[PDB]
Structure formats: C-alpha cells, structure tokens
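Structure file model-v7.pdb (PDB, C-alpha atoms (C1' of nucleotides) and all ligand atoms) is printed below.
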ATOM      1  CA  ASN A   1     -98.522 147.703 124.394  1.00  0.00           C
ATOM      2  CA  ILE A   2     -98.287 144.229 122.854  1.00  0.00           C
ATOM      3  CA  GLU A   3     -99.836 143.300 119.504  1.00  0.00           C
ATOM      4  CA  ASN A   4     -98.811 139.673 118.901  1.00  0.00           C
ATOM      5  CA  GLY A   5    -100.297 137.168 121.314  1.00  0.00           C
ATOM      6  CA  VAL A   6    -101.550 133.663 122.048  1.00  0.00           C
ATOM      7  CA  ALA A   7    -104.907 132.656 123.530  1.00  0.00           C
ATOM      8  CA  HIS A   8    -105.152 129.458 125.582  1.00  0.00           C
ATOM      9  CA  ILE A   9    -108.503 127.697 125.982  1.00  0.00           C
ATOM     10  CA  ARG A  10    -109.006 125.015 128.640  1.00  0.00           C
ATOM     11  CA  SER A  11    -112.527 123.617 128.267  1.00  0.00           C
ATOM     12  CA  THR A  12    -113.565 120.783 130.590  1.00  0.00           C
ATOM     13  CA  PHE A  13    -116.881 119.307 131.671  1.00  0.00           C
ATOM     14  CA  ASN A  14    -117.006 121.578 134.725  1.00  0.00           C
ATOM     15  CA  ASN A  15    -115.416 124.867 133.662  1.00  0.00           C
ATOM     16  CA  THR A  16    -113.918 126.871 130.801  1.00  0.00           C
ATOM     17  CA  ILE A  17    -110.736 128.897 131.381  1.00  0.00           C
ATOM     18  CA  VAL A  18    -109.147 131.310 128.894  1.00  0.00           C
ATOM     19  CA  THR A  19    -105.653 132.801 129.245  1.00  0.00           C
ATOM     20  CA  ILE A  20    -104.169 135.338 126.819  1.00  0.00           C
ATOM     21  CA  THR A  21    -100.435 135.928 126.446  1.00  0.00           C
ATOM     22  CA  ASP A  22     -97.730 136.655 123.894  1.00  0.00           C
ATOM     23  CA  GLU A  23     -95.628 133.939 122.283  1.00  0.00           C
ATOM     24  CA  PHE A  24     -93.189 134.356 125.196  1.00  0.00           C
ATOM     25  CA  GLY A  25     -95.747 132.698 127.482  1.00  0.00           C
ATOM     26  CA  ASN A  26     -96.182 135.559 129.971  1.00  0.00           C
ATOM     27  CA  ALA A  27     -99.898 136.068 130.570  1.00  0.00           C
ATOM     28  CA  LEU A  28    -101.757 139.354 130.103  1.00  0.00           C
ATOM     29  CA  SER A  29    -105.398 138.694 131.042  1.00  0.00           C
ATOM     30  CA  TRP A  30    -107.512 135.679 131.965  1.00  0.00           C
ATOM     31  CA  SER A  31    -111.158 134.912 132.655  1.00  0.00           C
ATOM     32  CA  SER A  32    -113.340 131.875 133.320  1.00  0.00           C
ATOM     33  CA  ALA A  33    -116.975 130.967 133.862  1.00  0.00           C
ATOM     34  CA  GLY A  34    -116.490 131.191 137.623  1.00  0.00           C
ATOM     35  CA  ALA A  35    -115.107 134.719 137.311  1.00  0.00           C
ATOM     36  CA  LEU A  36    -118.527 135.726 135.927  1.00  0.00           C
ATOM     37  CA  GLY A  37    -120.391 134.329 138.931  1.00  0.00           C
ATOM     38  CA  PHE A  38    -121.544 131.110 137.262  1.00  0.00           C
ATOM     39  CA  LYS A  39    -121.908 128.029 139.464  1.00  0.00           C
ATOM     40  CA  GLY A  40    -122.101 124.309 138.796  1.00  0.00           C
ATOM     41  CA  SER A  41    -123.842 123.230 135.610  1.00  0.00           C
ATOM     42  CA  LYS A  42    -124.026 126.880 134.568  1.00  0.00           C
ATOM     43  CA  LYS A  43    -120.209 126.960 134.737  1.00  0.00           C
ATOM     44  CA  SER A  44    -119.931 124.418 131.883  1.00  0.00           C
ATOM     45  CA  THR A  45    -122.547 125.585 129.374  1.00  0.00           C
ATOM     46  CA  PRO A  46    -121.311 126.556 125.884  1.00  0.00           C
ATOM     47  CA  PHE A  47    -123.125 129.873 126.269  1.00  0.00           C
ATOM     48  CA  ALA A  48    -121.349 130.537 129.575  1.00  0.00           C
ATOM     49  CA  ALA A  49    -117.963 129.900 127.952  1.00  0.00           C
ATOM     50  CA  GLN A  50    -118.479 132.647 125.373  1.00  0.00           C
ATOM     51  CA  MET A  51    -119.208 135.171 128.130  1.00  0.00           C
ATOM     52  CA  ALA A  52    -115.717 134.343 129.450  1.00  0.00           C
ATOM     53  CA  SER A  53    -113.611 134.627 126.298  1.00  0.00           C
ATOM     54  CA  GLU A  54    -115.413 137.873 125.436  1.00  0.00           C
ATOM     55  CA  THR A  55    -114.440 139.240 128.856  1.00  0.00           C
ATOM     56  CA  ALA A  56    -110.868 137.969 128.481  1.00  0.00           C
ATOM     57  CA  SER A  57    -110.340 139.337 124.966  1.00  0.00           C
ATOM     58  CA  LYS A  58    -111.671 142.798 125.838  1.00  0.00           C
ATOM     59  CA  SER A  59    -109.055 143.012 128.604  1.00  0.00           C
ATOM     60  CA  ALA A  60    -106.204 141.888 126.340  1.00  0.00           C
ATOM     61  CA  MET A  61    -107.153 144.331 123.580  1.00  0.00           C
ATOM     62  CA  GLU A  62    -107.204 147.094 126.208  1.00  0.00           C
ATOM     63  CA  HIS A  63    -103.469 146.488 126.511  1.00  0.00           C
ATOM     64  CA  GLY A  64    -103.477 146.868 122.722  1.00  0.00           C
ATOM     65  CA  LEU A  65    -103.526 143.298 121.435  1.00  0.00           C
ATOM     66  CA  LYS A  66    -104.689 142.784 117.849  1.00  0.00           C
ATOM     67  CA  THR A  67    -103.390 139.419 116.581  1.00  0.00           C
ATOM     68  CA  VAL A  68    -103.737 136.373 118.845  1.00  0.00           C
ATOM     69  CA  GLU A  69    -103.199 132.656 118.257  1.00  0.00           C
ATOM     70  CA  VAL A  70    -105.431 129.888 119.616  1.00  0.00           C
ATOM     71  CA  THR A  71    -104.409 126.813 121.624  1.00  0.00           C
ATOM     72  CA  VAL A  72    -107.418 124.679 122.547  1.00  0.00           C
ATOM     73  CA  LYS A  73    -107.488 121.913 125.142  1.00  0.00           C
ATOM     74  CA  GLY A  74    -109.847 119.561 126.908  1.00  0.00           C
ATOM     75  CA  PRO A  75    -113.086 117.923 125.778  1.00  0.00           C
ATOM     76  CA  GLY A  76    -115.286 120.613 127.340  1.00  0.00           C
ATOM     77  CA  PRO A  77    -118.234 121.674 125.188  1.00  0.00           C
ATOM     78  CA  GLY A  78    -117.172 125.322 125.394  1.00  0.00           C
ATOM     79  CA  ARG A  79    -114.711 125.052 122.499  1.00  0.00           C
ATOM     80  CA  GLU A  80    -116.422 126.467 119.402  1.00  0.00           C
ATOM     81  CA  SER A  81    -118.181 129.093 121.529  1.00  0.00           C
ATOM     82  CA  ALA A  82    -114.944 130.257 123.143  1.00  0.00           C
ATOM     83  CA  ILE A  83    -113.021 130.227 119.841  1.00  0.00           C
ATOM     84  CA  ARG A  84    -115.564 131.911 117.556  1.00  0.00           C
ATOM     85  CA  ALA A  85    -116.020 134.664 120.148  1.00  0.00           C
ATOM     86  CA  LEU A  86    -112.270 135.249 119.898  1.00  0.00           C
ATOM     87  CA  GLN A  87    -112.889 136.438 116.333  1.00  0.00           C
ATOM     88  CA  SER A  88    -115.995 138.273 117.597  1.00  0.00           C
ATOM     89  CA  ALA A  89    -114.101 140.707 119.860  1.00  0.00           C
ATOM     90  CA  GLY A  90    -112.039 142.535 117.241  1.00  0.00           C
ATOM     91  CA  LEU A  91    -109.210 139.986 117.428  1.00  0.00           C
ATOM     92  CA  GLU A  92    -107.442 138.464 114.422  1.00  0.00           C
ATOM     93  CA  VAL A  93    -107.257 134.667 114.511  1.00  0.00           C
ATOM     94  CA  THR A  94    -104.132 133.597 112.636  1.00  0.00           C
ATOM     95  CA  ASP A  95    -105.323 121.609 119.771  1.00  0.00           C
ATOM     96  CA  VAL A  96    -102.915 120.987 122.657  1.00  0.00           C
ATOM     97  CA  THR A  97    -104.926 118.357 124.518  1.00  0.00           C
ATOM     98  CA  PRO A  98    -102.362 116.195 126.354  1.00  0.00           C
ATOM     99  CA  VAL A  99    -102.314 112.608 125.105  1.00  0.00           C
ATOM    100  CA  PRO A 100    -100.052 110.062 126.830  1.00  0.00           C
ATOM    101  CA  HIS A 101     -98.055 107.459 124.962  1.00  0.00           C
ATOM    102  CA  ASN A 102     -99.384 104.902 127.466  1.00  0.00           C
ATOM    103  CA  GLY A 103     -98.110 106.486 130.660  1.00  0.00           C
ATOM    104  CA  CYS A 104     -99.849 106.600 134.037  1.00  0.00           C
ATOM    105  CA  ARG A 105    -102.819 104.592 135.269  1.00  0.00           C
ATOM    106  CA  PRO A 106    -106.121 106.516 135.091  1.00  0.00           C
ATOM    107  CA  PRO A 107    -108.591 106.448 137.992  1.00  0.00           C
ATOM    108  CA  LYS A 108    -111.356 103.876 138.246  1.00  0.00           C
ATOM    109  CA  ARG A 109    -114.601 104.291 136.328  1.00  0.00           C
ATOM    110  CA  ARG A 110    -117.571 105.696 138.243  1.00  0.00           C
ATOM    111  CA  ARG A 111    -120.386 103.254 139.049  1.00  0.00           C
ATOM    112  CA  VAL A 112    -123.221 105.759 139.138  1.00  0.00           C
TER     113      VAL A 112
ATOM    114  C1'   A B   1     -84.012  36.163 114.037  1.00  0.00           C
ATOM    115  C1'   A B   2     -83.779  39.041 109.538  1.00  0.00           C
ATOM    116  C1'   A B   3     -85.263  42.708 106.194  1.00  0.00           C
ATOM    117  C1'   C B   4     -88.281  47.748 105.156  1.00  0.00           C
ATOM    118  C1'   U B   5     -89.428  53.190 105.178  1.00  0.00           C
ATOM    119  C1'   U B   6     -94.343  55.380 105.282  1.00  0.00           C
ATOM    120  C1'   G B   7     -94.388  56.733 111.793  1.00  0.00           C
ATOM    121  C1'   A B   8     -90.573  59.131 114.740  1.00  0.00           C
ATOM    122  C1'   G B   9     -85.948  61.481 114.808  1.00  0.00           C
ATOM    123  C1'   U B  10     -81.214  63.631 112.152  1.00  0.00           C
ATOM    124  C1'   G B  11     -78.836  66.279 108.009  1.00  0.00           C
ATOM    125  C1'   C B  12     -79.214  70.076 104.272  1.00  0.00           C
ATOM    126  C1'   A B  13     -81.855  74.682 102.076  1.00  0.00           C
ATOM    127  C1'   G B  14     -85.256  78.739 103.194  1.00  0.00           C
ATOM    128  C1'   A B  15     -88.702  81.798 106.273  1.00  0.00           C
ATOM    129  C1'   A B  16     -91.810  84.188 110.063  1.00  0.00           C
ATOM    130  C1'   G B  17     -92.596  85.474 115.062  1.00  0.00           C
ATOM    131  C1'   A B  18     -95.109  90.969 121.509  1.00  0.00           C
ATOM    132  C1'   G B  19     -91.286  83.007 122.644  1.00  0.00           C
ATOM    133  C1'   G B  20     -87.718  83.668 127.096  1.00  0.00           C
ATOM    134  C1'   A B  21     -83.402  85.875 130.169  1.00  0.00           C
ATOM    135  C1'   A B  22     -79.869  90.115 130.865  1.00  0.00           C
ATOM    136  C1'   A B  23     -78.046  94.872 130.103  1.00  0.00           C
ATOM    137  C1'   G B  24     -78.522  99.652 127.634  1.00  0.00           C
ATOM    138  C1'   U B  25     -81.068 104.038 124.811  1.00  0.00           C
ATOM    139  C1'   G B  26     -85.494 107.087 123.920  1.00  0.00           C
ATOM    140  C1'   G B  27     -90.382 110.197 123.214  1.00  0.00           C
ATOM    141  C1'   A B  28     -95.255 111.572 125.234  1.00  0.00           C
ATOM    142  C1'   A B  29     -97.941 112.102 129.791  1.00  0.00           C
ATOM    143  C1'   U B  30     -98.888 112.233 135.409  1.00  0.00           C
ATOM    144  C1'   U B  31     -96.951 114.127 140.167  1.00  0.00           C
ATOM    145  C1'   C B  32     -93.630 117.175 142.755  1.00  0.00           C
ATOM    146  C1'   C B  33     -90.049 121.275 142.814  1.00  0.00           C
ATOM    147  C1'   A B  34     -88.047 126.140 141.081  1.00  0.00           C
ATOM    148  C1'   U B  35     -88.435 130.492 138.182  1.00  0.00           C
ATOM    149  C1'   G B  36     -90.984 134.408 135.017  1.00  0.00           C
ATOM    150  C1'   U B  37     -95.955 136.562 133.708  1.00  0.00           C
ATOM    151  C1'   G B  38    -100.368 137.213 135.789  1.00  0.00           C
ATOM    152  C1'   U B  39    -105.414 137.654 139.137  1.00  0.00           C
ATOM    153  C1'   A B  40    -109.595 135.814 141.831  1.00  0.00           C
ATOM    154  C1'   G B  41    -111.244 131.773 142.052  1.00  0.00           C
ATOM    155  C1'   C B  42    -109.702 126.482 141.018  1.00  0.00           C
ATOM    156  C1'   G B  43    -111.629 121.703 141.723  1.00  0.00           C
ATOM    157  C1'   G B  44    -115.736 118.597 141.920  1.00  0.00           C
ATOM    158  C1'   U B  45    -121.171 116.642 141.380  1.00  0.00           C
ATOM    159  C1'   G B  46    -127.627 114.944 139.786  1.00  0.00           C
ATOM    160  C1'   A B  47    -127.246 119.191 142.870  1.00  0.00           C
ATOM    161  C1'   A B  48    -123.455 120.072 146.451  1.00  0.00           C
ATOM    162  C1'   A B  49    -119.926 120.077 150.099  1.00  0.00           C
ATOM    163  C1'   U B  50    -115.141 118.537 151.938  1.00  0.00           C
ATOM    164  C1'   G B  51    -110.400 120.327 149.706  1.00  0.00           C
ATOM    165  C1'   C B  52    -106.685 123.916 147.585  1.00  0.00           C
ATOM    166  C1'   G B  53    -106.175 129.644 146.886  1.00  0.00           C
ATOM    167  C1'   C B  54    -104.980 136.680 147.832  1.00  0.00           C
ATOM    168  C1'   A B  55     -98.973 134.294 152.248  1.00  0.00           C
ATOM    169  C1'   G B  56    -100.514 134.674 144.873  1.00  0.00           C
ATOM    170  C1'   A B  57    -103.793 129.186 143.537  1.00  0.00           C
ATOM    171  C1'   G B  58    -105.659 127.417 139.190  1.00  0.00           C
ATOM    172  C1'   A B  59    -103.908 129.041 133.999  1.00  0.00           C
ATOM    173  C1'   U B  60     -99.445 129.972 131.111  1.00  0.00           C
ATOM    174  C1'   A B  61     -93.851 129.465 129.646  1.00  0.00           C
ATOM    175  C1'   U B  62     -89.209 127.514 130.674  1.00  0.00           C
ATOM    176  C1'   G B  63     -86.131 124.255 133.479  1.00  0.00           C
ATOM    177  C1'   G B  64     -85.272 120.163 136.979  1.00  0.00           C
ATOM    178  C1'   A B  65     -86.298 115.396 139.895  1.00  0.00           C
ATOM    179  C1'   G B  66     -88.453 110.815 139.991  1.00  0.00           C
ATOM    180  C1'   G B  67     -91.202 106.517 139.315  1.00  0.00           C
ATOM    181  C1'   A B  68     -94.291 103.913 136.213  1.00  0.00           C
ATOM    182  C1'   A B  69     -96.107 102.667 131.431  1.00  0.00           C
ATOM    183  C1'   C B  70     -94.859 102.253 126.168  1.00  0.00           C
ATOM    184  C1'   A B  71     -99.894 106.433 121.553  1.00  0.00           C
ATOM    185  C1'   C B  72     -99.815 105.707 116.325  1.00  0.00           C
ATOM    186  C1'   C B  73     -98.278 100.757 114.212  1.00  0.00           C
ATOM    187  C1'   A B  74    -102.558  97.142 116.082  1.00  0.00           C
ATOM    188  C1'   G B  75    -105.357  93.224 112.653  1.00  0.00           C
ATOM    189  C1'   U B  76    -111.515  86.628 115.295  1.00  0.00           C
ATOM    190  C1'   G B  77    -102.955  89.506 113.312  1.00  0.00           C
ATOM    191  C1'   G B  78     -98.343  86.835 115.530  1.00  0.00           C
ATOM    192  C1'   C B  79     -95.536  83.775 119.373  1.00  0.00           C
ATOM    193  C1'   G B  80     -95.762  80.436 123.630  1.00  0.00           C
ATOM    194  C1'   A B  81     -97.474  73.909 126.936  1.00  0.00           C
ATOM    195  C1'   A B  82    -100.357  76.787 129.818  1.00  0.00           C
TER     196        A B  82
HETATM  197 MG    MG C 201     -82.489  76.479 108.734  1.00  0.00          MG
END
Let me see the file written as structure tokens.
Ligand SMILES: [Mg+2]
Amino acid sequence: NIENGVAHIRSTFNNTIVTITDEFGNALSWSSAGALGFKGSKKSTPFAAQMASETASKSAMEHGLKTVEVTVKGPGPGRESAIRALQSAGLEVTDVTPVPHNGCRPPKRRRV
RNA sequence: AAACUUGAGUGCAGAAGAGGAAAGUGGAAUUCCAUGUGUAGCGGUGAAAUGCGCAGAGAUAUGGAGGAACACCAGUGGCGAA
C-alpha cells in the first residue's frame, strides 16, 4: 500500500511508455502501446497512448495509489492524451526532456 | 642643400573585443558499468525487418568511469591578414 507516487511519461514518435513509482524511484507498474498489442504507426497514435496510461494507472491504484506526480519527456504526440487520462483514472495530479548544453554530436539527417 | 607638418610613425589620456598561446575549474547531455524497484516487450520505418530482451531488457532512482562539446547569453553583434 503506497499512496504518494510519481508517473513518468516517455512519448516518442514510435512509442509511448508510462512508468509509475513513488518519489523514491522504485517502480510499481508500467505499460506501453506495445504492451496492448499495437504495432508500428498504431504504436504512436495519441489515442493509443491513452489506452496505455489508463492501463498503467489502474494497476498502480490497485496497489492503492491515490496521488501521483507527472514527469513528461520526449516530443511524442502522446503527451496530452497520456497526461489527461492520468486524471481520468481516479488519480490526483498534483517536463524532463533531456537538453544538452552543447554536448555530443547528433546523427546525420535523413535524406528521404 | 635647406626649411615644413598635413602623410607616416612616437609620446600621453581613455575604451571595446569568441584576437592568440599555456595551464586550471565547472554544469547539462551521450555511452558504458554497478546497484535497488519492476515486467514483457524495447527499438526502428512509408510499411517492415535486422538488432537487443524473460539469463530480467527497455523504463525508473542513485552512484561511478570516460571522452567530447560548451544551452541560455547570441545580435546582417564583436575580434582577427586570411
Ligand atoms: Mg592607452
């Protein structure tokens, strides 16, 4: 039984991943678009992200979690959908996208 | 040959600068490593597959190693012969 928690959202252009934990960082339940049998372009849709945070939150509340914080990441479109649905699963809502200070060289641009 | 001070230098008084060389200090991020939680995919594309993963990945939290580069400031802004 844990009541205070943190919800991590990792939304990219290929997949949305949600991990729920306390403030101590130890996870309790996670889901993703792939865990719901979505493949490819389906795995990145904003609708398909909400089906993942809803699944994740229901498992964390089963442990007894009521208040969870939000840490969002990535430019994936499944950001509002995965965050609003956090408040839509009986969870009380009380940006961590890594930016470098000019560090490592990024890969070459794609000539599609 | 002799004068001159405008050109060109010097002196004096101010100011600005990513100009150069050397040695130090620091924060973010990437990768790898370890540890704790924790479970079924992660990753990737037009769509896929190769690839990694149940021997515990990816995610998350903490710590460590190492190299490289210096967000914001930042501007037909500045400096330099290039
Ligand atoms: Mg002077």
Got a sec to resolve the PyMOL selection byres ((chain A) within 12 of (chain B)) on this structure and send the residues as a PyMOL selection string?
-> chain A and resi 6-43+56+71+73+97-107+110+112
What does the distance from CA of residue 47 (chain A) to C1' of residue 53 (chain B) come to in Å, to one decimal?
->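 Value for the CA of residue 47 (chain A)-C1' of residue 53 (chain B) distance: 26.7 Å.
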Mind telling me what the PyMOL selection byres (((not hetatm)) within 10 of (chain C and resi 201)) catches here, as JSON, numbers by chain?
-> {"B": [12, 13, 14, 15]}
Once 3 Å is added on each side, what centre and edge lengths in Å to one decimal does the axis-aligned box around all listed atoms of region 49-53 of chain A have, as JSON?
{"center_x": -116.4, "center_y": 132.5, "center_z": 127.4, "size_x": 11.6, "size_y": 11.3, "size_z": 10.1}
Atom pair CA of residue 108 (chain A) / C1' of residue 74 (chain B): separation (Å) = 24.8 Å
On this structure, which residues satisfy the PyMOL selection byres (((chain A and resi 53) around 8) and not hetatm), written as a list in words?
-> residues 18, 31, 32, 49, 50, 51, 52, 54, 55, 56, 57, 82, 83, 85 and 86 of chain A
Could you please take those selected residues and save C-alpha atoms as a PDB file, in the coordinates of the input?
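Okay, part_13.pdb is ready:
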ATOM      1  CA  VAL A  18    -109.147 131.310 128.894  1.00  0.00           C
ATOM      2  CA  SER A  31    -111.158 134.912 132.655  1.00  0.00           C
ATOM      3  CA  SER A  32    -113.340 131.875 133.320  1.00  0.00           C
ATOM      4  CA  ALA A  49    -117.963 129.900 127.952  1.00  0.00           C
ATOM      5  CA  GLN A  50    -118.479 132.647 125.373  1.00  0.00           C
ATOM      6  CA  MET A  51    -119.208 135.171 128.130  1.00  0.00           C
ATOM      7  CA  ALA A  52    -115.717 134.343 129.450  1.00  0.00           C
ATOM      8  CA  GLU A  54    -115.413 137.873 125.436  1.00  0.00           C
ATOM      9  CA  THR A  55    -114.440 139.240 128.856  1.00  0.00           C
ATOM     10  CA  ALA A  56    -110.868 137.969 128.481  1.00  0.00           C
ATOM     11  CA  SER A  57    -110.340 139.337 124.966  1.00  0.00           C
ATOM     12  CA  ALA A  82    -114.944 130.257 123.143  1.00  0.00           C
ATOM     13  CA  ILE A  83    -113.021 130.227 119.841  1.00  0.00           C
ATOM     14  CA  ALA A  85    -116.020 134.664 120.148  1.00  0.00           C
ATOM     15  CA  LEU A  86    -112.270 135.249 119.898  1.00  0.00           C
TER      16      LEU A  86
END
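For the atom pair formed by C1' of residue 21 (chain B) and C1' of residue 67 (chain B), the distance is 23.9 Å, given to one decimal.
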Identify which of the residues A:109, A:66, A:58, A:84 lies closest to residue 3 (chain A), counting all atoms listed in the file when measuring atom-to-atom distances.
->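 The closest residue to residue 3 (chain A) is A:66.
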Using only C-alpha atoms (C1' of nucleotides), determine which residues lie at most 12 Å from residue 66 (chain B), disregarding the query and same-chain residues fewer than 6 positions distant; provide the list as a ChimeraX atom specification.
-> /B:30-33
